[PDB]
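Every read-out reported here was derived from the displayed coordinates using simple, explicitly stated rules and does not represent laboratory data. Note that each Cβ is placed from the backbone with ideal geometry, even for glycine, and that neighbours are counted across all protein chains shown.
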Amino acid sequence: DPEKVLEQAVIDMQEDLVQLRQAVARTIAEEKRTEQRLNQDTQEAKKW
Amino acid sequence: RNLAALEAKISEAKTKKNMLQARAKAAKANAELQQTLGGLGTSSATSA
């Protein structure tokens, strides 16, 4: 029945939003890491 | 001099390969996220 079908779709969306949140968190972590790396490299250049 | 050159080669190859692999993994993860965003199946409730 359409009730069950759309209900299951809503449930799957409940998981999909969490998955996308996790992906966003991963991207945030990656950008933070690269920022730190470039920031420390700039200081290593000044040391040299 | 050969040791100096070999050490330079090893360090550069290792670091470049590692960063390339990490960036490729990040890119494929982002592409998968975009596919999932486009791949949402909650529309199946139209049957119900």
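How big, in percent, is the set of alpha carbon pairs in chain B lying more than 16 Å apart? Pairs farther apart than 16 Å: 64 percent.
Calculated mean residue ellipticity, 222 nm, the protein assembly as shown: -32000 deg cm²/dmol, from DSSP H runs (n ≥ 4) at -39500 (n - 2.57) each, averaged per residue and rounded to 500. Convex hull volume of the C-alpha atoms in the protein assembly as shown, normalised per residue: 93 Å³. The amide H of B:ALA48, built 1.01 Å from its N in the peptide plane, has A:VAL5, A:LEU6 as neighbours under 5 Å, considering only residues 5 or more places off or on other chains.
A DSSP coil position with no more than 13 other Cβ atoms inside 10 Å describes the following trypsin sites (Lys or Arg not before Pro) in chain B: B:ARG1.
Cα centroids of the stretch B:1-31 and chain A: 24 Å apart. Taking every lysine pair in the protein assembly as shown that is 8 or more places apart or spans two chains, those with Cα atoms closer than 30 Å amount to 25.
Computed 3J(HN,Hα) for the stretch A:35-48, one whole-Hz value per residue from the Karplus formula 6.51 cos²θ - 1.76 cosθ + 1.60 where θ = phi - 60°, is 4, 4, 4, 5, 5, 6, 4, 4, 6, 4, 4, 5, 4, 5, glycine and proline marked x. Averaged over the residues of peptide B:36-44, the number of Cβ atoms from other protein chains lying within 10 Å of each residue's Cβ is 4. Peptide packing: for A:35-45, A:4-14, B:38-48, the average count of neighbouring Cβ atoms within 10 Å per residue gives the ranking A:4-14, B:38-48, A:35-45, highest mean first.
Inter-chain neighbour count for B:15-28: the average number of beta-carbon atoms from partner chains within 10 Å of each residue's beta-carbon is 1.
Computed from Cα atoms, the angle from the helix B:2-38 axis to the main principal axis of chain B rounds to 0 degrees.
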